[PDB]
K.L.:
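Just dropping this structure here.
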Amino acid sequence: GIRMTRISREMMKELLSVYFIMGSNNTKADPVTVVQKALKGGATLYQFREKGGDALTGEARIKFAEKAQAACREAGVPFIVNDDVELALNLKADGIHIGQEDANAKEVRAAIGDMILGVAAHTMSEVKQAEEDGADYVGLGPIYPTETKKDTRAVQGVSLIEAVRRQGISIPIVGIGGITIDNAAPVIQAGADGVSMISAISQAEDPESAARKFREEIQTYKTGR
Ligand SMILES: Cc1ncsc1CCOP(=O)(O)O
Ligand SMILES: C=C1C=NC(C)=NC1=N
Ligand SMILES: [Mg+2]
């Protein structure tokens with residue numbers, strides 16, 4: 001249900017383990033079917049991100065969001081909305097994710113009560129500002145090269161993740177950008193609480209198996225660090 005209190009850091013870190021993000025234009029298969037498969041395989045959190053070319057709009061976009069949210073309910077996984085604060089409130093989403101060029105975080109926190117709030121950050125200053133504004137987690141990247149999102153900041157590897165932890169900041173962190181089954185380990189080793197991805201799952205020949213592999217791997221990495 002809706003949160004009457006801010007999510008705990010311990011719980012937030014658990015949800016970030018395998019954070020699947022997807023829109024209808026990120027796969028050649030049926031969108032909802034791919035989300036259902038990712039959830040069955042083991043994704044721990046899902047972000048509805050519908051934007052850019054050939055993306056759905058109007059009520060068609062709302063209906064797709066409703067179907068994806070229903071799939072999350074069936075799987076017992078939280079549903080996060082990207083960018084659209086109004087849609088998140090209208091659908092009773094579990095959270096909202098925003099970036100540096102979107103609505104201001106302090107303004108968004110005030111509009112959503114105790115809903116989960118994620119903020120994309122690329123510098124130490126941005127990470128610190130996000131925490132002060134009331135974010136529950138920060139998405140750091142691009143860790144590796146990605147073409148899924150064109151307008152991205154420079155690739156930073158795990159440098160920022162390491163820098164944040166070295167300064168004593170314990171805010172929940174999820175890495176993003178070109179993450180695959182074979183390169184996720186360093187992200188968790190650097191201090192991240194999880195990995196987020198689009199194409200490694202959305203464009204996989206077997207999305208369920210990919211999600212299951214991620215879930216198994218991340219659990220091992222987190223216990224090993
Ligand atoms: C949404 C987003 N934000 C920064 S990189 C990125 C794209 C992630 O896509 P992929 O996992 O396919 O690189
Ligand atoms: C840019 C992003 C960064 N991090 C996350 C978790 N989602 C995003 N859309
Ligand atoms: Mg954004």
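Whatever order the structure lists them in is the order used to number ligands and atoms, beginning at 1. Sequential numbering from 1 along the given sequence is applied to the chain's residues. Computed over heavy atoms, backbone and side chain alike; hydrogens, waters and symmetry mates excluded.
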K.L.:
Return all protein N, O or S atoms below 2.8 Å from the Mg ion (ligand 3), chain by chain in residue order.
P.N.:
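Metal shell, protein only: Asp83 OD1, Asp102 OD2.
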K.L.:
Could you list which atoms of ligand 1 come closer than 4.0 Å to a heavy atom of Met197?
P.N.:
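Ligand 1 atoms under the 4.0 Å threshold to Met197: 11 (O).
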K.L.:
Scan side-chain atoms only and decide if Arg215 and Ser17 contain a donor-acceptor pair under the 3.5 Å cut-off.
P.N.:
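Judged by distance alone, the side chains do not pair up.
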K.L.:
Determine, using heavy atoms of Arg49 and all atoms of ligand 1, whether some pair is separated by less than 4.0 Å.
P.N.:
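Right, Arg49 reaches ligand 1.
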K.L.:
Considering both backbone and side-chain atoms of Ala200, is one of its nitrogen or oxygen atoms within less than 3.5 Å of a nitrogen or oxygen in ligand 1?
P.N.:
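No.
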K.L.:
Can you list every pair where an N/O of ligand 2 is under 3.5 Å from an N/O on the protein?
P.N.:
from     : atom 1 : to    : atom 2 : distance (Å)
ligand 2 : 7 (N)  : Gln47 : NE2    : 3.1
ligand 2 : 7 (N)  : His97 : NE2    : 3.4
ligand 2 : 9 (N)  : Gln47 : OE1    : 3.1

K.L.:
Determine whether any heavy atom of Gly178 lies closer than 4.0 Å to an atom of ligand 1.
P.N.:
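In this structure, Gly178 qualifies as a contact of ligand 1 - some heavy atom is under 4.0 Å.
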K.L.:
Between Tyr19 and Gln47, do the side chains contain an N or O donor and an N or O acceptor separated by less than 3.5 Å?
P.N.:
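Checked: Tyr19/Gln47 side chains pair up, N/O donor to acceptor below 3.5 Å.
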K.L.:
Just to confirm my output: which protein heavy-atom neighbour is closest to atom 13 (O) of ligand 1, and how far is it?
P.N.:
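Its nearest protein heavy-atom neighbour is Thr146 OG1, 2.7 Å.
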K.L.:
Is there a polar contact, in the sense of an N or O pair closer than 3.5 Å, between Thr152 and ligand 1?
P.N.:
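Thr152 vs ligand 1: no N/O contact under 3.5 Å.
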K.L.:
Identify the protein heavy atom lying closest to atom 3 (N) of ligand 1, giving its residue, its atom name and the separation to 0.1 Å.
P.N.:
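Looking only at protein heavy atoms, the one closest to atom 3 (N) of ligand 1 is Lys149 CD, 3.3 Å.
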K.L.:
Take atom CE in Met11; do more than 12 heavy atoms of anything else shown fall under 6.0 Å from it?
P.N.:
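Check fails, neighbour count at 12 or below.
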K.L.:
What protein heavy atom lies closest to atom 10 (P) of ligand 1? Include the residue and the distance to one decimal.
P.N.:
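For atom 10 (P) of ligand 1, the nearest protein heavy atom is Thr148 OG1, 3.5 Å.
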K.L.:
Does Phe48 have its ring centroid less than 6.0 Å away from the ring centroid of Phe64?
P.N.:
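Yes, ring centres under 6.0 Å apart.
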K.L.:
What protein heavy atom lies closest to atom 11 (O) of ligand 1? Include the residue and the distance to one decimal.
P.N.:
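Ranked first by proximity to atom 11 (O) of ligand 1 is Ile198 N, 2.9 Å.
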K.L.:
Classify the side-chain pair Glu50/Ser24 by whether it contains a donor and acceptor separated by less than 3.5 Å.
P.N.:
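The answer is yes; a qualifying pair exists.
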K.L.:
Between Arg6 and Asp136, is the closest basic N to carboxylate O distance under 4.0 Å?
P.N.:
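Looking at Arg6 together with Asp136, the answer is yes, because their closest N to O distance falls below 4.0 Å.
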K.L.:
Should the pair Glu216-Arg212 be classified as a salt bridge under the 4.0 Å nitrogen-to-oxygen rule?
P.N.:
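Judged by the 4.0 Å cut-off on N to carboxylate O distance, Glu216 and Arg212 do not form a salt bridge.
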